[PDB]
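J.: Sharing a structure, written as structure tokens. Questions coming.
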Amino acid sequence: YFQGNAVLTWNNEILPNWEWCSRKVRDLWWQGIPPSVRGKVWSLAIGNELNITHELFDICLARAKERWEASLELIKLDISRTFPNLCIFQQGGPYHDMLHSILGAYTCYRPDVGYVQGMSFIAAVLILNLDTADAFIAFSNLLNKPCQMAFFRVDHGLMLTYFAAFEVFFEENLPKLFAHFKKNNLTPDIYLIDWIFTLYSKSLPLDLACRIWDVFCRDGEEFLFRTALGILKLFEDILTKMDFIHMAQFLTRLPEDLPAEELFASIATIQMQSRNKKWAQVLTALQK
């Protein structure tokens with residue numbers, strides 16, 4: 001084990017010993033979790049603080065199916081553009097009905113939230129890796145996390161404190177690009193919101209997003225902001241030659257072939273510590 005056979009190492013060595021933070025395990029986790037293992041790790045990491053049951057899922061789906069105004073219009077449109085190169089989530093594909101089911105069931109569970117654009121991408125990633133009811137558990141609980149909540153709710157107060165913490169680490173790690181952004185009025189709301197809200201599932205190709213989700217499962221919300229800084233560092237040279245408009249355009253539609261190994265190398269060089277304070281203490285200080 002830990003001799004280059006990841007599936008066996010995860011299944012035979014790691015998961016029996018879930019209760020995670022071994023140094024050897026953490027290096028392997030950085031490389032991405034095998035697809036056959038992801039569902040189990042993600043479900044465990046995301047958890048079920050909402051205490052959602054399969055029976056709740058069944059009922060909510062039943063209500064959605066009964067219900068089938070412009071909400072379903074938004075669901076259907078978003079589904080049409082969800083990882084469309086794969087042709088698996090779109091109508092006639094083998095995950096389409098499952099995708100519809102998660103989203104419809106969710107609008108019946110939280111009818112006050114309803115459908116928010118980008119949600120299809122989050123649900124799609126989960127249904128590829130989890131059975132539908134378990135995917136619904138993960139989806140619902142993921143949307144409940146402090147970070148995702150802040151980045152979806154109409155009141156922007158909590159989101160501002162995330163922006164502020166993000167900027168502490170941005171200036172720390174990338175002082176020159178930070179200044180360049182400041183001079184050009186390139187504020188976090190231009191690009192960061194979709195990145196953080198969908199955990200990059202709307203912003204990056206599927207396989208790379210999944211690897212980001214893996215390490216998010218290891219390190220929590222801080223990894224999402226570390227990733228954001230990794231992307232900026234990866235493109236720092238080209239960004240620095242752009243004005244406001246070109247930066248905004250580049251950042252809101254990232255390269256389709258964004259190379260995973262190069263992004264991860266860049267993310268690795270980002271340190272989420274400033275003045276010997278970590279992400280959680282910087283954020284808590286900004287919230288308190």
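To be explicit about the labels: the chains of the structure tokens are called A, B, and onward in the order shown, and within each one the residues are counted from 1, while ligands get numbers from 1 in the order they are shown.
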Within 12 Å of stretch 263-284 of chain A, which residues of stretch 10-54 of chain A show up? Give each one with its shortest atom-to-atom distance in Å (one decimal) and the two atoms involved, counting only C-alpha atoms, rows by chain then rising residue number, as CSV.

T.:
residue,atom,partner,partner_atom,distance
A:27,CA,A:268,CA,11.4
A:30,CA,A:264,CA,8.6
A:31,CA,A:264,CA,9.0
A:32,CA,A:264,CA,10.6

J.: Keeping only N, CA and C atoms, write the selected residues as a PDB file, in the first residue's frame.

T.:
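Wrote it out as result03.pdb, contents follow:
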ATOM      1  N   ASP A  27      -0.893  13.418   1.663  1.00  0.00           N
ATOM      2  CA  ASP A  27      -0.178  13.534   0.400  1.00  0.00           C
ATOM      3  C   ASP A  27      -0.946  12.813  -0.721  1.00  0.00           C
ATOM      4  N   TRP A  30      -4.102  14.770  -1.856  1.00  0.00           N
ATOM      5  CA  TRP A  30      -3.724  15.824  -2.782  1.00  0.00           C
ATOM      6  C   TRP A  30      -3.780  15.422  -4.256  1.00  0.00           C
ATOM      7  N   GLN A  31      -3.499  14.153  -4.539  1.00  0.00           N
ATOM      8  CA  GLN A  31      -3.451  13.602  -5.889  1.00  0.00           C
ATOM      9  C   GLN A  31      -4.814  13.337  -6.481  1.00  0.00           C
ATOM     10  N   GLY A  32      -5.856  13.454  -5.662  1.00  0.00           N
ATOM     11  CA  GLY A  32      -7.202  13.159  -6.112  1.00  0.00           C
ATOM     12  C   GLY A  32      -7.624  11.768  -5.653  1.00  0.00           C
TER      13      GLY A  32
END

J.: Check stretch 61-192 of chain A with DSSP on the backbone and list each residue it calls alpha helix (DSSP H), as a compact mmCIF listing (two decimals) with C-alpha atoms, in the first residue's frame.

T.:
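The resulting out31.txt:
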# COMPACT_ATOMS: atom_id res chain seq x y z
CA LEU A 61 -39.21 14.02 -5.06
CA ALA A 62 -42.81 12.74 -5.07
CA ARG A 63 -44.00 16.34 -4.47
CA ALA A 64 -41.73 17.66 -7.23
CA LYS A 65 -43.07 15.05 -9.70
CA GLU A 66 -46.65 16.01 -8.73
CA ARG A 67 -45.70 19.69 -9.17
CA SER A 71 -38.31 27.73 -11.82
CA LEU A 72 -38.49 24.51 -13.83
CA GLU A 73 -37.57 26.71 -16.81
CA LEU A 74 -34.38 27.71 -14.98
CA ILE A 75 -33.66 24.10 -13.90
CA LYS A 76 -34.05 22.81 -17.47
CA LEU A 77 -31.84 25.56 -18.94
CA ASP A 78 -29.10 25.07 -16.42
CA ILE A 79 -29.24 21.28 -16.98
CA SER A 80 -28.79 21.87 -20.78
CA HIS A 96 -30.64 13.42 -16.70
CA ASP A 97 -33.60 12.16 -14.70
CA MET A 98 -31.36 11.80 -11.62
CA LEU A 99 -30.17 15.40 -11.99
CA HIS A 100 -33.76 16.62 -12.36
CA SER A 101 -34.73 14.58 -9.30
CA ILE A 102 -32.11 16.03 -7.00
CA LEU A 103 -32.98 19.60 -8.04
CA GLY A 104 -36.77 19.14 -7.97
CA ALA A 105 -36.61 17.36 -4.60
CA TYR A 106 -34.46 20.24 -3.24
CA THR A 107 -36.98 22.90 -4.31
CA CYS A 108 -39.57 20.94 -2.30
CA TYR A 109 -37.29 20.62 0.73
CA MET A 119 -26.91 24.42 -8.54
CA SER A 120 -27.17 21.90 -11.46
CA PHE A 121 -23.36 21.72 -11.64
CA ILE A 122 -23.04 20.92 -7.94
CA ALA A 123 -25.77 18.22 -8.17
CA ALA A 124 -24.19 16.79 -11.37
CA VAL A 125 -20.82 16.29 -9.73
CA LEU A 126 -22.49 14.56 -6.79
CA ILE A 127 -24.76 12.21 -8.84
CA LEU A 128 -21.71 10.99 -10.83
CA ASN A 129 -20.19 9.82 -7.54
CA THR A 132 -29.28 9.60 -5.94
CA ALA A 133 -30.64 9.71 -2.36
CA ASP A 134 -27.13 10.01 -0.92
CA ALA A 135 -26.34 12.66 -3.51
CA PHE A 136 -29.43 14.57 -2.30
CA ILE A 137 -28.11 14.31 1.28
CA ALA A 138 -24.71 15.66 0.21
CA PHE A 139 -26.17 18.40 -2.02
CA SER A 140 -28.47 19.72 0.73
CA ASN A 141 -25.78 19.66 3.38
CA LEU A 142 -23.21 21.27 1.07
CA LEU A 143 -25.58 24.16 0.37
CA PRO A 146 -21.40 28.59 6.17
CA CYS A 147 -19.36 29.30 3.07
CA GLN A 148 -21.86 28.19 0.43
CA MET A 149 -24.71 29.91 2.35
CA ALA A 150 -22.83 33.22 2.45
CA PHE A 151 -22.17 33.04 -1.27
CA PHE A 152 -25.80 32.23 -2.21
CA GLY A 157 -22.82 40.65 4.94
CA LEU A 158 -21.31 37.23 5.57
CA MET A 159 -19.93 37.19 1.98
CA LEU A 160 -18.11 40.46 2.71
CA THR A 161 -16.23 38.87 5.59
CA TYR A 162 -15.11 36.01 3.27
CA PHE A 163 -13.93 38.67 0.74
CA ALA A 164 -12.00 40.36 3.48
CA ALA A 165 -10.32 37.13 4.65
CA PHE A 166 -9.60 36.25 1.00
CA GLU A 167 -7.88 39.64 0.56
CA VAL A 168 -5.63 39.05 3.61
CA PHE A 169 -4.26 35.91 1.92
CA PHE A 170 -4.25 37.43 -1.54
CA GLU A 171 -2.09 40.35 -0.42
CA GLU A 172 0.14 38.02 1.62
CA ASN A 173 0.78 35.60 -1.23
CA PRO A 175 1.25 41.35 -3.24
CA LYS A 176 1.99 42.60 -6.78
CA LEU A 177 -1.11 41.18 -8.48
CA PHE A 178 -3.14 42.33 -5.43
CA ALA A 179 -2.02 45.93 -6.09
CA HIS A 180 -2.65 45.49 -9.81
CA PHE A 181 -6.22 44.37 -9.06
CA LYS A 182 -6.70 47.29 -6.60
CA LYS A 183 -5.46 49.88 -9.15
CA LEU A 192 -14.95 34.82 -6.81

J.: Which residue gives the smallest distance to residue A:34 among A:86, A:210, A:154, A:116, with only C-alpha atoms counted?

T.: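 When distances to residue A:34 are compared using only C-alpha atoms, the smallest one comes from A:210.
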
J.: For residue A:187, which residue out of A:248, A:209, A:130, A:204 is the nearest one, using only C-alpha atoms?

T.: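 Among A:248, A:209, A:130, A:204, it is A:248 that comes nearest to residue A:187.
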
J.: Between atom CA of residue A:82 and atom CA of residue A:200, what distance in Å does the model show, to one decimal?

T.: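 Interatomic distance here is 12.6 Å.
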
J.: State, in Å with one decimal place, the distance from atom CA of residue A:37 to atom CA of residue A:16.

T.: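 Atom CA of residue A:37 sits 12.4 Å away from atom CA of residue A:16.
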
J.: Please indicate the distance in Å from atom CA of residue A:95 to atom CA of residue A:112, rounded to one decimal place.

T.: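 These two atoms are separated by 26.1 Å.
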
J.: Out of A:1, A:195, A:215, A:153, which residue has the shortest atom-to-atom distance to residue A:20 when counting only C-alpha atoms?

T.: A:215

J.: Of the residues A:206, A:33, A:186, A:4, which is the one nearest to residue A:246, using only C-alpha atoms?

T.: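 Under the stated criterion, the closest residue is A:186.
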